[PDB]
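> need coordinates for the following:
(2 chains, ligands or ions: 22)
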There are 2 protein chains.
Amino acid sequence: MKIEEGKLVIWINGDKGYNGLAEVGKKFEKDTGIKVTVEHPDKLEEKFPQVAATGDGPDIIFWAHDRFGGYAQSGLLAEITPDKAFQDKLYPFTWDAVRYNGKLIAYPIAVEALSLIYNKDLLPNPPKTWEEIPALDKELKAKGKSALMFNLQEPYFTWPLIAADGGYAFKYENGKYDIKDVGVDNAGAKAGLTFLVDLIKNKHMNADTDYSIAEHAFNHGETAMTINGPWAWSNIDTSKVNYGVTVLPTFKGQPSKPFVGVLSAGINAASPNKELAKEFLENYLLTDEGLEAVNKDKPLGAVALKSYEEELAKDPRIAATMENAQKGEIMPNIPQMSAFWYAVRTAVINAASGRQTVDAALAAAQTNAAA
Amino acid sequence: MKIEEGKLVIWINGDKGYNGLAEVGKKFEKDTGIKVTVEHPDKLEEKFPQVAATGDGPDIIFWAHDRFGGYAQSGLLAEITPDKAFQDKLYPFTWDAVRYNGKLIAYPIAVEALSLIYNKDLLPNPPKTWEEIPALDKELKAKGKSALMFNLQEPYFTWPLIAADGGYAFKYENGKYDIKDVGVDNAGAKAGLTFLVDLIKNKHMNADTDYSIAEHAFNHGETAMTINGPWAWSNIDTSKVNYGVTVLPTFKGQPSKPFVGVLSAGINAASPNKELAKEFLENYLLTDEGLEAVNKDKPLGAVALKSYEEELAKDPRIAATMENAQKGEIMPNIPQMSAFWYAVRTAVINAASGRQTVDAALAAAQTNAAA
Ligand SMILES: OC[C@H]1O[C@H](O[C@H]2[C@H](O)[C@@H](O)[C@@H](O)O[C@@H]2CO)[C@H](O)[C@@H](O)[C@@H]1O
Ligand SMILES: OC[C@H]1O[C@H](O[C@H]2[C@H](O)[C@@H](O)[C@@H](O)O[C@@H]2CO)[C@H](O)[C@@H](O)[C@@H]1O
Ligand SMILES: [Zn+2]
Ligand SMILES: [Zn+2]
Ligand SMILES: [Zn+2]
Ligand SMILES: [Zn+2]
Ligand SMILES: [Zn+2]
Ligand SMILES: [Zn+2]
Ligand SMILES: [Zn+2]
Ligand SMILES: [Zn+2]
Ligand SMILES: [Zn+2]
Ligand SMILES: [Zn+2]
Ligand SMILES: [Zn+2]
Ligand SMILES: [Zn+2]
Ligand SMILES: [Zn+2]
Ligand SMILES: [Zn+2]
Ligand SMILES: [Zn+2]
Ligand SMILES: [Zn+2]
Ligand SMILES: [Zn+2]
Ligand SMILES: [Zn+2]
Ligand SMILES: [Zn+2]
Ligand SMILES: [Zn+2]
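Numbers count the residues shown, from 1 in each chain, chains lettered A, B, ... in the order given. Ligands and ions are numbered 1, 2, ... in the order given. For reference, the structure is listed below:
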């Protein structure tokens, strides 16, 4: 299983508009004769570094920009070469997210942030605070509904609450991240995680809730709210739930702070098709018609391409996404991010079960993240 | 020992221009017949709450604004009553420092921040970084000079270094301080204190250095630098040392962050002379001629009175003071500040001696500050 010259294989996560991307691929193939294959492997963010290290894997890998620093450090990504005219077509802050050691290591596609999604038929006025959700849940629970269900298995989803009162990954300083200053066991993080664990131990939420269960619950009107990204909107559209996308609730009077991801496309350093990959990404995908094809499948969020974003920006769901993004922080792209996510994922799982105390769980995560 | 009606007794710290203040007092006495006594007791910030609690003490107490929240909470201070025309004469941010629970509890006099003071004859180009001071000290040490001497006994002086990399007292949030989020044992504080302790353990500085020794050393040219406030300048003037006042050095590429104090004048709630005290403070002291009398004795810093500050602002020493102030933080005035200072004072003393480790010292301070 190697990489053939003269074809493109693209990996993208299963929650994104891979069929729409495949349509852009088929258009490229029709115009050029170059076959484009789109796959969505499980755990692609882990599989890529394993297969790319041996010189194999996809020609193009899509993921949020946070994983890309580590890929690039491991020599798995090729420096990309858009010209000044091309770079001008995307927002500068999107290029920042994909710059690593003064080198662009991927094409930015779209800016993603979690929002609060609520059922307007159940909940005309969404809660402004996390604090009021317990009582709302009790009130709803007959009705026979619940207030809030979202993916508790991945720290991406729980982090906005953890960060609200002060939790953080790595301290941003002299333009760089102090990788020895990790903010996962400070009082803010502890306050956030404690509230979350309390909701679970009091059966306002279930520790086993994952993406699939929460999506089912919201999309069939069993729960009044969920937390998710723009990729989720099209299934809600199909469900016919009358939904709103809004600012996340506050905690201790402060904004929830989602970690902002820029979906990005990197080129496998081991690919003999670097020129083709550049041509596809710049002149097929990163175009109004190309982004529209993907977006129509699953919404991308706020696209990096100025010309198309100017249209999407009029959508109140996009406005809410960017409001939530502004209240959160851009993810760092440093290689240490992988250890951070792993550390936080374990801490949340362990605390939610009652296995470890919040304090003990976060103490452990702090140590793991920082070494 | 009680408080007589028809006289004013003022307490002010011994490092301030108490003789100049006494001159303003004698002017008031000449105009009105009201005797004004100025004293500078030792540990006046501790003695005041002890004596004022029993209904005794000075009619007017001067200290930086940080102690005043606790005084006011204990019912020891009278709400002051300047009118809108008077309030307009001082800078709004100075009034903020003396507001406690929506009530003004003192008259602001001047804004104080520490600066780096250096001997231009020994050291034409002052170090920009804390990191370069060890090597400079070795180079100077014959010569037979030292690089830096400043008061190590009081945390006021060591805090700017401790805060540089992230240390903090109480987290500022919804306009209020989260009194359960104390930042004295995070990685930044630990990094700061560790560097300080290293300088001491390596004999670049002496753990026993206090205000008096450091002032002697600088003012007689034995050390190239000191850290101090504007009140110190007049003795340096007299010493004839060719000195500069400049931005504090950075640590880990970040500004030293001095805690900014607003010298303030409160009225003892137990005083039968509240009207007289108001009259003296508003119409004698807080005037160009009144502040000038004090300033001429020992410089006040950047005065709260707009009209006089517009003159003082042209002094590069004042510019440097305000540059350092802008890089630091205004002290909170909450009652918890007293526990904070006590906690940090002990931690620094204990670590500097080698009694406790930096980690153990700050762990202990963290607990004490937050309870
Ligand atoms: O949960 C940790 C996880 O968070 C992010 O993954 C997101 C991704 O950015 C979104 O595009 C969407 O697919 O949901 C994912 C969460 O399941 C980080 O990008 C990822 O590295 C990290 O492991
Ligand atoms: O060292 C802790 C101490 O710091 C401040 O005291 C300063 C004061 O603000 C200055 O005016 C000058 O007099 O030096 C003092 C340090 O010795 C706080 O105001 C004080 O409450 C605190 O104890
Ligand atoms: Zn193959
Ligand atoms: Zn297809
Ligand atoms: Zn799949
Ligand atoms: Zn071009
Ligand atoms: Zn409850
Ligand atoms: Zn740092
Ligand atoms: Zn169901
Ligand atoms: Zn259904
Ligand atoms: Zn169904
Ligand atoms: Zn921010
Ligand atoms: Zn008396
Ligand atoms: Zn006198
Ligand atoms: Zn005295
Ligand atoms: Zn008036
Ligand atoms: Zn040394
Ligand atoms: Zn807080
Ligand atoms: Zn001497
Ligand atoms: Zn001398
Ligand atoms: Zn002498
Ligand atoms: Zn600041």
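
> is there proximity between stretch A:53-72 and ligand 3?
No. Stretch A:53-72 stays clear of ligand 3 (C-beta under 5 Å from the ion), getting no nearer than 6.4 Å. All C-beta atoms are positioned from the backbone trio N, CA, C, and that covers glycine.

> distance from that stretch to the middle of the chain?
16 Å (C-alpha atoms, centre = their mean, to the nearest Å).

> one more: stretch A:334-354?
16 Å.

> and it, anywhere near chain B?
No. Figure legend: stretch A:334-354 not in contact with chain B (C-beta under 8 Å from any C-beta of the partner chain); closest approach 14.1 Å.

> list the buried residues for that stretch?
A:334-341, A:343-352 (16 or more other C-beta atoms under 10 Å in any protein chain shown).

> who are the contact partners of the residue of the stretch 251-371 of chain A found nearest ligand 13?
The stretch 251-371 of chain A approaches ligand 13 most closely through residue A:253 (46.6 Å), counting by C-beta to the ion. Residue A:253 makes contact with B:173, B:174, according to C-beta atoms under 8 Å, 6 or more residues apart in numbering or on different chains.

> for it, grab phi and psi.
phi 70, psi 10 (degrees, to the nearest 10).

> just the ones of the buried residues of stretch A:334-354 in helices?
Members of those lying in helices (criterion: DSSP state H): A:337-341, A:343-352.

> specify which member of those residues is nearest to ligand 1.
residue A:341 (4.2 Å; C-beta to the nearest ligand atom).

> burial count for the residue nearest to that closest one when sequence neighbours are not counted?
Sequence neighbours aside, residue A:155 is the residue nearest to residue A:341 in space, at 5.9 Å (criterion: C-beta to C-beta, 6 or more residues apart in numbering or on different chains). Counted with other C-beta atoms under 10 Å in any protein chain shown, residues neighbouring residue A:155 total 22.

> quick one: contacts for residue A:155?
A:162, A:341, A:344, A:345, A:348.

> which one of those residues sits closest to ligand 16?
residue A:162 (51.7 Å).

> distance check, the residue of the stretch 101-250 of chain A found nearest ligand 2 against ligand 8.
Proximity of the stretch 101-250 of chain A to ligand 2 (C-beta to the nearest ligand atom) peaks at residue A:187, 23.1 Å away. As judged by C-beta to the ion, to the nearest Å, residue A:187 and ligand 8 stand 18 Å apart.

> which ones are touching that residue?
Residue A:187 touches A:165, A:166, B:171, B:178, B:180, B:181, B:182, counting by C-beta under 8 Å, 6+ apart.

> counting neighbours, what do you get for the closest residue to the second one other than its chain neighbours?
Excluding the flanking residues, the one nearest residue A:166 by C-beta to C-beta, 6+ apart is residue A:188, at 2.1 Å. Look at residue A:188: counted by other C-beta under 10 Å, it has 25 neighbours.

> my guess is residue A:188 meets residue A:194, correct?
No. Contact criterion C-beta atoms under 8 Å: residue A:188 and residue A:194 do not qualify, at 10.6 Å.

> could you find the closest non-adjacent residue to residue A:241?
Residue A:241 sits nearest to residue A:119 (C-beta to C-beta, 6+ apart), 5.6 Å away.

> neighbours around that neighbour, how many?
Neighbours of residue A:119 (other C-beta under 10 Å): 22.

> what sits against it?
A:218, A:221, A:223, A:224, A:225, A:241, A:242, A:243.

> and these, which of them are in strands?
Using DSSP state E, the subset of the contacts of residue A:119 located in strands is A:223, A:224, A:225, A:243.

> about what we covered before: taking the contacts of residue A:187, please make a PyMOL selection of just the buried ones.
For the buried members of the contacts of residue A:187, the matching PyMOL selection, counting by 16+ other C-beta under 10 Å, is:
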select buried, (chain A and resi 165+166) or (chain B and resi 171+178+181+182)
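
> which members of the contacts of residue A:187 are the farthest-apart pair?
A:165 and B:182 (13.5 Å; C-beta to C-beta).

> any residues of chain A in contact with ligand 8? List them.
Counting by C-beta under 5 Å from the ion, the residues of chain A that sit close to ligand 8 are A:178, A:181.

> show me chain A divided up by domain.
If you go by curated CATH domains, the domain ranges for chain A are A:1-112+A:261-332, A:113-260+A:333-371.

> for the helix or strand that contains residue A:27, packing partners?
Using DSSP states H and E, residue A:27 falls within helix A:18-32. Contact partners of helix A:18-32 among helices and strands, from 3 or more C-beta pairs under 8 Å, 6 or more residues apart in numbering or on different chains; DSSP states H and E: strand A:7-11, strand A:35-39, helix A:274-280, helix A:288-297.

> just the closest residue of chain A to ligand 15, please.
residue A:187 (39.9 Å).

> picking that back up, now name the helix or strand holding the residue nearest to residue A:166.
Applying DSSP H and E, one finds residue A:188 within helix A:187-201.

> for that helix, buried residues please.
Of all the residues in helix A:187-201, those buried under the rule 16+ other C-beta under 10 Å are A:187-197, A:199-200.

> how about these, which pair is most distant?
A:187 and A:200, at 20.4 Å, using C-beta to C-beta across the buried residues of helix A:187-201.

> which of the helices and strands packed on helix A:18-32 is buried the deepest?
Highest mean neighbour count among the helices and strands packed on helix A:18-32 (mean count of other C-beta atoms under 10 Å in any protein chain shown): strand A:7-11, with a mean of 22.

> which non-adjacent residue is nearest residue A:356?
residue A:350 (4.3 Å).

> surely the one you found meets residue A:357?
No. Counting by C-beta under 8 Å, residue A:350 does not reach residue A:357; the two are 9.1 Å apart.
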